[PDB]
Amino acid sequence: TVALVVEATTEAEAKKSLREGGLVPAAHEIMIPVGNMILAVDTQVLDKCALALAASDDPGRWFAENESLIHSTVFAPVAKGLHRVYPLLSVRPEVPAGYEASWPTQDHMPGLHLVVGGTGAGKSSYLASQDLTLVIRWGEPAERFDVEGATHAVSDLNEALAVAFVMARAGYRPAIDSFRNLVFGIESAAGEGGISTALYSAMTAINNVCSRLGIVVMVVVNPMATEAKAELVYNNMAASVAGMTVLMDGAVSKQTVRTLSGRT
C-alpha cells in the first residue's frame, strides 16, 4: 500500500518511508531520478515478487494477476520536497558482492544494455536472437507480436521497470521495448547531438539501480537523432550505461560493454 495523496507535513511524518509519504528512503527503498520525476524501488517487495515468480509456472499469468504487487515494487512517492532534499539526485554506482553474469555478454557489468537504432534498424530482430524470456512492451503501437509473441504489455515506467526488475532478480531475461516515452518525455536543455541531457542522466540513474540490484535489463532506445549528430549521441549514451549495441540497416554497427574484467 502506497501513499497517493497524503504527504508528510510534520518532521515526524517526514522521517517515514517514501511509501508512507515521508521524505527519507527506507533501508529497502532506492530512489530513481528520471528527468524531473523521482521513482522508488522497494527491494523487499522486489524480493517477495522474485521469490514468488521463481515459484510460479507461468511468468505470463503471474504478472497479469499481480499488478498490485507490481505497483508496490516501483512507485512514485508523493512527498514533494524530494527534489530539494536530494539535489541533483543520481543512483550510486555499486555492485553486489559475488555478482556474476554470462548474459548478454560474459562479465557484463550490472546495468542497462541498450539496443539502439532508428526505425527499421533491426531492433526487434536482434531481440529475437538474444534468447529472452519475454519482451516487456511499453509505449509502442500494438503489433502482431503482441498477440503471437512472448510479451507482457505495460502502461507506464513504473510497471516497465518493476516487471524487468522482478524478472531479472528471478533469474529470467527481460527486454523493454521500448524507452520511446523517455526519449519523447524527458525534455531538457539540448546538447551537441540534439538530445536532452536529462535523457543521459536518466539512463545512468536507471543503469545504476540495475547495478545495485545486480541485474542486466536490455532496453530498446531510438534516440531520434539526425545522421550528423548520431555518432555523438550514441557516444553519450554509451558513456551513460553498462552496455550498448547499435543497429543500422539490420546489422550490428557498434558494441560497447563494460565488463567485470575491463576486457572484452
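Numbers follow the displayed sequence, beginning with 1.
Checking the other PDB entries with both flanking residues built, is residue 127 absent in a third or more?
Residue 127: modelled in all of the comparison entries.
I'd like to know whether residue 167, which is modelled here, goes unmodelled in a third or more of the other compared entries that cover its flanking residues.
Negative; every one of those entries includes residue 167.
Do the CA atoms of 151 to 159 or those of 120 to 128 have the higher mean B-factor in the entry?
Per the PDB entry, the higher value belongs to 120 to 128.
Of 186 to 194 and 67 to 75, the one with larger mean CA B-factor:
Between 67 to 75 and 186 to 194, it is 186 to 194.
Name the residue from 52, 217, 220, 31 with the greatest C-alpha temperature factor listed in the entry.
Of 52, 217, 220, 31, 52 has the highest C-alpha B-factor.
When the modelled residues of the chain are sorted by Cα temperature factor, does residue 111 land in the lowest, middle or highest third?
Ranked within chain, residue 111 CA B lands in the lowest tercile.
Once the chain's modelled residues are ordered by C-alpha B factor and cut into thirds, is residue 167 in the lowest, middle or highest one?
Ranked within chain, residue 167 CA B lands in the middle tercile.
Pull the Cα B-factor of residue 179 out of the PDB entry and bin it into the chain's lowest, middle or highest third.
Lowest third, going by the recorded CA B-factors of the chain.
Report the third (lowest, middle or highest) to which the CA temperature factor of residue 142 belongs, ranking only the modelled residues of the same chain.
For residue 142, the deposited C-alpha B-factor lands in the middle third.
Among the chain's modelled residues, which third holds the C-alpha B-factor of residue 250?
Highest third, going by the recorded CA B-factors of the chain.
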